[PDB]
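**Q** First the structure, then my questions, so here it is.
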Amino acid sequence: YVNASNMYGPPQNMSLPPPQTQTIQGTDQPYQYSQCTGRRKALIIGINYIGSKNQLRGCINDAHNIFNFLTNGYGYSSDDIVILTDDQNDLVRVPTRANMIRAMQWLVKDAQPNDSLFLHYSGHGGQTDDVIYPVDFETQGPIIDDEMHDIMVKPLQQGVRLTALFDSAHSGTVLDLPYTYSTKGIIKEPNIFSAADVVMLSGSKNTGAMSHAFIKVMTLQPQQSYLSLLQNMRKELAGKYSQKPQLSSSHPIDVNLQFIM
Ligand SMILES: CC(O)(c1ccccc1)c1ccccc1
């Protein structure tokens with residue numbers, strides 16, 4: 001619980017997530033892993049807050065990195081990606097609060113079992129609740145974890161995958177997910193729920209550390225389990241970044257299963 005590429009090996013025999021509906025002991029709450037054979041849609045948001053007193057470097061670039069990663073290896077078509085960044089010239093693609101909320105609704109609308117939805121955010125993060133900050137937050141305010149959960153998690157049918165990756169700080173509970181995993185094992189779980197398949201990656205204590213690690217690991221060694229992905233992301237980050245990656249989920253994860261999108 002090292003190979004020729006100097007990375008942590010997944011289990012010798014790694015299974016795809018099971019297609020059968022899963023259950024949680026002691027309760028009547030089913031869930032289903034997505035097979036990720038359906039529609040692939042992504043919402044990618046990168047905000048530098050250009051011109052502001054707390055302008056950031058690298059977040060727009062993080063978004064472009066994820067866009068390129070998803071379109072050039074993972075079957076996300078440009079027509080099925082909404083990318084919101086604050087340095088480009090189309091108002092409908094600026095990460096204003098209203099555009100972000102609309103895009104979040106668009107992402108999950110009519111999602112079907114075995115679809116694979118992806119969410120990426122790089123920008124300001126904070127803890128009031130964890131929150132994220134649209135470019136117009138000074139006037140419109142942030143978007144809080146409870147609302148992101150209500151928009152993007154609550155409506156999902158059994159077996160819809162949502163994979164979320166946050167490059168922002170203090171974003172560990174940003175989707176209000178009840179399970180959290182580190183490289184060392186389970187660090188949070190309910191004291192016994194969605195039936196969907198929601199998983200998220202975020203960092204806990206320039207450029208996005210999580211997208212940096214995720215893209216490099218998946219580019220060099222695309223075969224990973226949930227746990228080996230975490231371990232290899234952690235290895236890549238050690239020394240350079242102050243961040244350690246954690247995986248949160250709407251359901252218990254068999255961490256030895258293959259990570260697919
Ligand atoms: C991205 C853009 O600079 C912007 C607009 C609004 C807030 C922050 C940044 C823009 C886009 C279209 C038209 C005007 C300005």
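Chain lettering (A, B, ...) mirrors the order of the structure tokens, residue numbering begins at 1 for each chain separately, and ligand numbering begins at 1 in order of display.
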Let me see if you get this right: every residue at most 7 Å from ligand 1, counting only C-alpha atoms and all ligand atoms, written as a PyMOL selection string.
**A** chain A and resi 85-91+94+96+135-136
**Q** Determine, for each residue of region 87-181 of chain A having at least one atom at most 12 Å from an atom of region 13-29 of chain A, the closest pair of atoms and their separation in Å to one decimal, counting only C-alpha atoms; order by chain and ascending number, as a Markdown table.
**A**
| residue | atom | partner | partner_atom | distance |
| --- | --- | --- | --- | --- |
| A:113 | CA | A:19 | CA | 10.8 |
| A:114 | CA | A:19 | CA | 9.5 |
| A:158 | CA | A:21 | CA | 8.8 |
| A:159 | CA | A:21 | CA | 8.4 |
| A:160 | CA | A:19 | CA | 12.0 |
| A:161 | CA | A:17 | CA | 11.6 |
**Q** Go through region 49-124 of chain A and collect every residue that DSSP, computed from the backbone, puts in helix (DSSP H, G or I); the answer should be as a ChimeraX atom specification.
**A** /A:59-71,78-80,91-93,97-108
**Q** Which one is closest to residue 198 (chain A): A:251, A:124, A:57, A:93? Count only C-alpha atoms.
**A**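 Closest candidate: A:251.
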**Q** With a distance cut-off of 7 Å and only C-alpha atoms, select the neighbouring residues of residue 131 (chain A), excluding the residue or stretch itself and same-chain residues fewer than 5 positions from it, and output the selection as a list in words.
**A**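 Near residue 131 (chain A), the qualifying residues are residues 125, 126, 142, 143, 144, 145 and 174 of chain A.
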**Q** Residue 155 (chain A): which residues within 12 Å, counting only C-alpha atoms, same-chain residues fewer than 3 positions away excluded, as a ChimeraX atom specification?
**A** /A:104-105,107-112,148-152,158-160,162,193-198
**Q** I'd like to know which of A:52, A:37, A:71, A:258 is closest to residue 227 (chain A), using only C-alpha atoms.
**A**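 With only C-alpha atoms as the atom set, the closest residue is A:258.
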**Q** Going by DSSP on the backbone, which residues of region 5-180 of chain A come out as strand (DSSP E or B)? List them as a PyMOL selection string.
**A** chain A and resi 22-23+30-31+40-46+81-85+116-122+125-127+130-132+143-144+161-166+179-180
**Q** Considering only C-alpha atoms, can you say which of A:209, A:164, A:217, A:255 comes closest to residue 6 (chain A)?
**A** A:217
